[PDB]
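Just the one chain here, the form deposited without this ligand, laid out as structure tokens.
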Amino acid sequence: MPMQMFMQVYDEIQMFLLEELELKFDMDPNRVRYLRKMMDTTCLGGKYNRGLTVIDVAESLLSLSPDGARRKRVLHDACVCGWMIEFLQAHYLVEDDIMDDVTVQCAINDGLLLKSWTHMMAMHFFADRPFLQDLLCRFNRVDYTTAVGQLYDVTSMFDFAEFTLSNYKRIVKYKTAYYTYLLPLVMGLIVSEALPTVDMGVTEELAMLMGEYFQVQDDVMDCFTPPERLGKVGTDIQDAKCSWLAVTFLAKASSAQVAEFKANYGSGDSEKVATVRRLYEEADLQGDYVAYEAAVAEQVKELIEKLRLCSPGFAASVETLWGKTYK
């Protein structure tokens, strides 16, 4: 039911956005169809885990409520919010695709339209909701945060001085955790009108920890999960990314090993990448990964309990989010 509900609302948002262009922005059918296809290609394909998280938070607050004929209103709002994040994520992916000629002009334009669509859908569907101003401001701030996080990530090499766990955490927090973990949880709370009933501190902390757990797992999979299983080719080593593997390796490697790492990192050359993988393997980083992740897991599991004592319905949605991340 959640996925079927989410797809049903997508059709509603899409029809609104496309008719608005036709009726108010003087768009020709050809461009309207081009935008329908582009919207489908960029917004549909994934697992929708950011969007579905909004539904799961709202669904937990209806079944485990702190109501009647207005249930379908909360679920609909959860779906528009879910699509705002999915469209913002779609916007970032297009931006990333430019980062790595009418095709370039169209990709840039798609990036701009996807972001503008998040505002358009909010302004229409939530037009007379009292939460509209707070929702717009939290969304925009998270978007700024992400772009700032993207700066810390893209310029993490200037070179190895910023390869620290505190800077890694700074990158994860700003680049990933705010829009991937904090925002879906917060949007599900906004639509349920249950925002001041939860400890934001514990939630922010949980979002940053789950973001950390997810990014650490993502960094490790990028290096060790083969392309057919991973879906794409792992490029963190070549790109000289400030990854969890790099910063953990640099704190436990010997001076010679660090010298060997510095001379081989950030190169497209097959043998240098293999030397890096060999160094990670030999420094028992896959073992350290298990312990770091299990220590994060202990911290996550402890904070969910603190949350459950004041906000039970919310803690069970933060538990399902965690289960998805943990597996």
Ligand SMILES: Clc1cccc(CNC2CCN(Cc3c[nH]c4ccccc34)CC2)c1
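Start at 1 with the first residue shown and count on from there. For clarity, a rigid core is taken as the largest C-alpha set superposing within 1.5 Å between two forms.
Just so you know, the form solved in complex with this ligand exists too; it's not on screen, but the next bit is about it.
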- Note on the structure: With the partner omitted here, the residue among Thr225, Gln257, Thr197, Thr155 that in the deposited bound form has a heavy atom within 4.5 Å of this ligand is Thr225
- Task: Name the single residue among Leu189, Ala246, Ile171, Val80 that comes within 4.5 Å of this ligand in the deposited bound form, judging by heavy atoms.
- Result: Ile171
- Please check if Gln238 has a heavy atom lying within 4.5 Å of any heavy atom of this ligand in the deposited bound form. no
- Task: Tell me, yes or no, whether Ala161 is in contact with this ligand in the deposited bound form, where a contact means a heavy atom of each within 4.5 Å.
- Result: no
- Although this ligand is absent from this view, report whether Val233 comes within 4.5 Å of it in the deposited bound form, heavy atoms only. yes
- Query: At the 4.5 Å heavy atom threshold, is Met221 in contact with this ligand in the deposited bound form?
  - Reply: yes
- Note on the structure: Of 248-256, 70-78, 163-171, 124-132, the segment with heavy atoms within 4.5 Å of this ligand in the deposited bound form is residues 163-171
- Message: Taking only shifts of 2 Å or more in Cα after a rigid core superposition between this form and the one not shown, tell me which of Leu165, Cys137, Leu230, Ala251 qualifies.
- Response: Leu230
